[PDB]
2 protein chains.
Amino acid sequence: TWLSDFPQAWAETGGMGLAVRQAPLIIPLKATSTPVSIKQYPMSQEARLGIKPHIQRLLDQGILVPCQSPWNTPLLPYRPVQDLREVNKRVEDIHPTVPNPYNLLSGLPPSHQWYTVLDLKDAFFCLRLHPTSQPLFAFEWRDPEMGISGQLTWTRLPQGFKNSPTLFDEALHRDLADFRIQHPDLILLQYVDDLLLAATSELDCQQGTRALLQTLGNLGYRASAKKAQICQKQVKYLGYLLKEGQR
Amino acid sequence: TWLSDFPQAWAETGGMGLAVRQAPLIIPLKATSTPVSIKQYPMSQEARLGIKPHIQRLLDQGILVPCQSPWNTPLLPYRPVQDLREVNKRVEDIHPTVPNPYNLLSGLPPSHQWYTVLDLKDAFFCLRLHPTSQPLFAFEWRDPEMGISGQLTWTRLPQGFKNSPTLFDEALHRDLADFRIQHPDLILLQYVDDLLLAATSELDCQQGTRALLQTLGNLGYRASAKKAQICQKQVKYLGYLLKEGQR
DNA sequence: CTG
DNA sequence: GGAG
DNA sequence: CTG
DNA sequence: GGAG
């Protein structure tokens, strides 16, 4: 099966990802920015107990670490959501290079009607943050019944950060550049963590999907085995139904 | 004085006006209009007693007459104000030929710095309405303590009617056409019932004003002696102060 | 009265 | 959601 | 939590 | 007068 042949490529069997070829990202600030420290709004016990196992898993994975930072933004009430709006305002803008899906799909021709669709799991967390940029994303974490109050921050590209989709898309494009060169017959559409491979034949789509999974796993990315649509003639991609070259 | 020399021209001494050269006006309706009869809102005694002497004076003057009409619009609460909006909607539009005052004043040159300003009193009432058009403007009048309920209507161009300013301005232009031809040295600006005469010299402004008053009174119009600004170098006209050729 |  |  |  |  596909699950057995590519254990490294699937999130189910490959462990948390880590894009080993990508340098840790430095996040430039705007020219006039200084740190902003926003007080953590008090959180109910119900919310805290709901968030806690998530925080602990991230700590165990090294995705969160303790820190002392002049930056602080609040966590909101369950899985944790950080309000990074005041950090986002202080970070230098980058050009938005992620194509809109309508335009991305224009590049899909009718000669290629066999499709594989993969979505990468925990995509942003596969990209490391440079230690100089980690303090930007700090938040407070209290455990009233263990006696630890202090800050944590992210060692990977965080959710809620305005440049994460663009930085991830650019990184994955660098990492898949050689795959494209080695498989010029195939069409590969990338939309952040949502990937479509298109081929002429069921076989060429199988061999290409095998190459792509091998490549993704080797690079440190992980795809959802549960959601994968492998070597079909009909797939859902980016909210479209792809059938008969339509849509 | 000016009051003594031109008794016919002034409202104070000449009686109510009546533009004797102007045919009674016929008011064309829109192609699809039919009569509208709006019920008179009950009026308080205080309002009725306030309006009554005005109605009686207009009846005495023949400006109001009794009628039976399929049209009816309400009087509002003191001097009477008729709500003619539903009649206005059913009357055919005419081109708006009254110039805006800014443009009207552009036609005043600096060579003419002696001014006379007259305003005509009860201007619209000087124009007769054709009997076929009189029923359009009917309203109800009750006297609870004399026992008369029935309609009245106007025999003259009414207040509140959307075409009155334009029809009056056009009529007065016809009536003053010959004056302009006989006095080509003078500037005469007309804005509905507000008239400015401009001359080169105090004398020429006096002789022109004498001619204009004689002409206006003869035609049946009446000017306010109280408000007249006669042969001055400074006047207020149409909300401007005219001084030194300025404004 | 019905920005 | 001051006009007549 | 801050048309 | 739904965003993070």
Side-chain angles (χ1 to χ4, degrees), chain A residues 27 36-51 54-55 58 64 71-91 93 96 124-125 136-142 152-154 156-168 192, chain B residues 27 36-51 54-55 58 64 71-91 93 96 124-125 136-142 152-154 156-168 192:
Chain A
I27 307 303
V36 60
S37 182
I38 301 164
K39 217 181 189 177
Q40 175 59 54
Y41 321 123
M43 188 173 304
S44 72
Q45 186 177 271
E46 172 183 358
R48 188 189 65 82
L49 292 167
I51 290 169
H54 297 288
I55 303 296
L58 293 166
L64 287 176
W71 299 88
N72 196 80
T73 46
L75 278 193
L76 327 158
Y78 278 118
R79 188 185 136 73
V81 175
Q82 192 171 7
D83 182 0
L84 283 171
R85 286 170 311 158
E86 290 298 315
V87 163
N88 285 340
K89 293 184 202 197
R90 287 167 170 79
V91 168
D93 290 319
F124 296 169
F125 288 167
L136 185 55
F137 300 107
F139 60 95
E140 183 167 5
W141 183 246
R142 309 136 169 179
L152 304 174
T153 198
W154 304 90
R156 313 288 181 92
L157 196 58
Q159 300 290 329
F161 172 46
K162 68 169 177 187
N163 289 347
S164 288
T166 296
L167 291 169
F168 182 82
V192 193
Chain B
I27 307 303
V36 60
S37 182
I38 301 164
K39 217 181 189 177
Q40 175 59 54
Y41 321 123
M43 188 173 304
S44 72
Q45 186 177 271
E46 172 183 358
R48 188 189 65 82
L49 292 167
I51 290 169
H54 297 288
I55 303 296
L58 293 166
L64 287 176
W71 299 88
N72 196 80
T73 46
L75 278 193
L76 327 158
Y78 278 118
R79 188 185 136 73
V81 175
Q82 192 171 7
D83 182 0
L84 283 171
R85 286 170 311 158
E86 290 298 315
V87 163
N88 285 340
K89 293 184 202 197
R90 287 167 170 79
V91 168
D93 290 319
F124 296 169
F125 288 167
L136 185 55
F137 300 107
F139 60 95
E140 183 167 5
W141 183 246
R142 309 136 169 179
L152 304 174
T153 198
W154 304 90
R156 313 288 181 92
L157 196 58
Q159 300 290 329
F161 172 46
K162 68 169 177 187
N163 289 347
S164 288
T166 296
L167 291 169
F168 182 82
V192 193

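Chain identifiers are assigned alphabetically (A, B, ...) following the order of the sequence lines, protein sequences preceding nucleic acid strands; residue numbering begins at 1 within each chain.
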Rounded distance in Å - [atom1] ([X]) to [atom2] ([N]):
{"X": "A:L76", "N": "F:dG4", "atom1": "CG", "atom2": "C1'", "result": "7 Å"}
{"X": "B:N72", "N": "D:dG4", "atom1": "CG", "atom2": "P", "result": "19 Å"}
{"X": "B:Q40", "N": "C:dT2", "atom1": "CD", "atom2": "P", "result": "11 Å"}
{"X": "A:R79", "N": "E:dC1", "atom1": "CZ", "atom2": "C1'", "result": "18 Å"}
{"X": "A:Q82", "N": "F:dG4", "atom1": "CD", "atom2": "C1'", "result": "9 Å"}
{"X": "B:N88", "N": "D:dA3", "atom1": "CG", "atom2": "P", "result": "15 Å"}
{"X": "A:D83", "N": "F:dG4", "atom1": "CG", "atom2": "P", "result": "10 Å"}
{"X": "B:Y78", "N": "C:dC1", "atom1": "OH", "atom2": "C1'", "result": "12 Å"}

query: How are the rings of B:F139 and B:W154 set relative to one another: parallel (under 30°), tilted (30 to 60°) or perpendicular (over 60°)?
result: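 Rings of B:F139 and B:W154: tilted, as their planes differ by 30° to 60°.
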
message: With heavy-atom distances below 4.5 Å as the criterion, would you say the side chains of A:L58 and A:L152 are in contact?
response: no

- prompt: Can you find a pair of side-chain heavy atoms, one from B:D83 and one from B:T73, that are under 4.5 Å apart?
  reply: no

- prompt: B:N163: what forms a side chain to side chain donor-acceptor pair (under 3.5 Å) with it, not counting sequence neighbours?
  reply: none

field: Sugar-phosphate, base or nothing in reach of B:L84, heavy atoms under 4.0 Å
entry: sugar-phosphate

message: Heavy atoms from C-beta onward define the side chain here; which of D:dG4, F:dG4, C:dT2 lies closest to that of B:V81?
response: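 Closest of the options to the side chain of B:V81: D:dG4.
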
